[PDB]
Each structure stands twice: as C-alpha cells, then as structure tokens.
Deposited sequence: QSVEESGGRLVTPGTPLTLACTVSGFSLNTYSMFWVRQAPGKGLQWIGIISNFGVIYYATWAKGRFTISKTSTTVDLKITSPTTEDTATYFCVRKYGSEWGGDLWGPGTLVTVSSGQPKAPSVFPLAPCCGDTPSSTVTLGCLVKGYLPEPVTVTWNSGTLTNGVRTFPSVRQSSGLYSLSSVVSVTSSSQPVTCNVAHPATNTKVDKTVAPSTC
C-alpha cells in the first residue's frame, strides 16, 4: 500500500550511508522493489532492483557503488563511498507485475554529500511596511541552512490554506534559503523545523514592520 524512504542526511565524501525503504500494506515476499535517484534539478536515474526472491541487479554505472538488501519490513540502499555527485533525492519504488517499471513511489529521501558542515536556519519575519492599510500577507524568510530540507508550517501545521512556500535556492556558499508566505483575513506563527540540526524555531509575525 505504501512506501516511505528514510535516512537521507548530510555526509562528507567517502562516508558510507544507508537508506531504508519501509513498506506497508503489501509483502516483499510478493513484490520486487527498485531504487531511482534524482540529482537536484535533474532527471530520474535507475540504480538497481531486488526481486521478491532476493535476486539483485544493478545499473552498469551503479555496480560497486551501491548495495541493495532486504529485511522483513524494508529494502535498503547502502551507498559505499559517496561523492559530491551522489547528492540526490532517492526514491524506492514498488515494481508492478509485467515489467521493470513501478506503480508505488515513496516521497524520496534526500542525500547530501558535501564538505560543508550542517547549519541550522536563521528565521526572520516578513510583513508590510509599518502603517500599510489592508486581507494581509505575512511570511518568514528562512536562510543560511544546510542540508535541505526545512519543514515550514504555520500555526503548528493547523494553518494550511493560503500558504505559499517557495522552492529553496542554493547559494554559492552551499547554503539554502526560502521564504514562506501566508495570506490571512486581517496572529500567525511560522514553525521552522530542520530535522538535520534537530532544531525548531517559531516566529510569531507582527502584522507590520513598525
């Protein structure tokens, strides 16, 4: 029924890491699973596959770089010796019966390979200039973080209507930045979680810059 990847994190080149794909609602005794990755802003790339009987095949480029395995609840992907170019979102995918294609995909887990150290985001409130006459859009600027992602919620996730969280952009420093804005009928709090640094910051945004 569903697939969820975990274990994406920031590592230095040469540091082994393993990703887990946890399945629910079906058995790996029955279904084969495969791994696909997607470098930021790039296309899909097939890594390899493990049958319901445990027989594994790898893409030619992937041979010796990855090891696929399975447990009672998961398939796993060990990246033997990560390089900067292994920075990607990794997806696990349930194979449908008739071909080596996939019907059920996970959300993906993001691997970052870099010599830069992790950095918690700094958060700043966004509001109209002091005194603007109003429906109001308020926001939070979330900057200087590594790795992606941050999770931005409003009012502890209870506010989801009228929210726009722009895609992050990576600066030359390797750090990321984004803003999230919410439109409300004329207080809102942004919550900025960064699983990597286990930090969560809350900012209750004044309705103007006064």
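Chemist: Which bits of the deposited sequence have no atoms placed for their C-alpha?
Modeler: Coordinates drop out over 135-136, 189-191.
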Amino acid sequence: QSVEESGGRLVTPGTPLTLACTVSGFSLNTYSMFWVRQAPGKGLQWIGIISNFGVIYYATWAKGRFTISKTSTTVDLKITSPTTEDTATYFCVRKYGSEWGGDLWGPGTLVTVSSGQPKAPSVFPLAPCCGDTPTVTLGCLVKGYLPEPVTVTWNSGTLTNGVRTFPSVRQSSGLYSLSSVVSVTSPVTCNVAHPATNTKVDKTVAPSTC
From here on, numbers count along this sequence of modelled residues.
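Chemist: Looking at the entry, does 198-206 or 17-25 show the higher mean C-alpha B-factor?
Modeler: Between 198-206 and 17-25, it is 198-206.
Chemist: Can you tell me whether 142-150 has a higher mean C-alpha B factor than 53-61 in this record, or the other way round?
Modeler: So the stretch with the higher mean C-alpha B-factor is 142-150.
Chemist: Just grab whichever of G108, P128, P134, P125 has the top CA B-factor as deposited.
Modeler: Of the candidates given, the C-alpha B-factor peaks at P134.
Chemist: Between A39, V36, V184, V181, which one tops the list for C-alpha B-factor in the PDB entry?
Modeler: Highest CA B-factor of the listed options: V184.
Chemist: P121: which third of its chain by C-alpha temperature factor?
Modeler: For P121, the deposited C-alpha B-factor lands in the highest third.
Chemist: Using the B-factors in the PDB entry, rank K70's C-alpha atom against the chain and give the third, lowest, middle or highest.
Modeler: It belongs to the lowest third of the chain when residues are ordered by C-alpha B-factor.
Chemist: According to the PDB entry, is the CA B factor of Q1 in the bottom, middle or top third of its chain, that is, lowest, middle or highest?
Modeler: As the PDB entry reports it, the C-alpha B-factor of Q1 lands in the highest third of its chain.
Chemist: Please say which third, lowest, middle or highest, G48 falls into when its CA temperature factor is compared across its chain.
Modeler: Lowest third of the chain for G48's C-alpha B-factor.
Chemist: Could you say whether, by C-alpha temperature factor, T165 belongs to the lowest, middle or highest third of its chain?
Modeler: For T165, whose C-alpha B-factor we compare with every modelled residue in the chain, the answer is the middle third.
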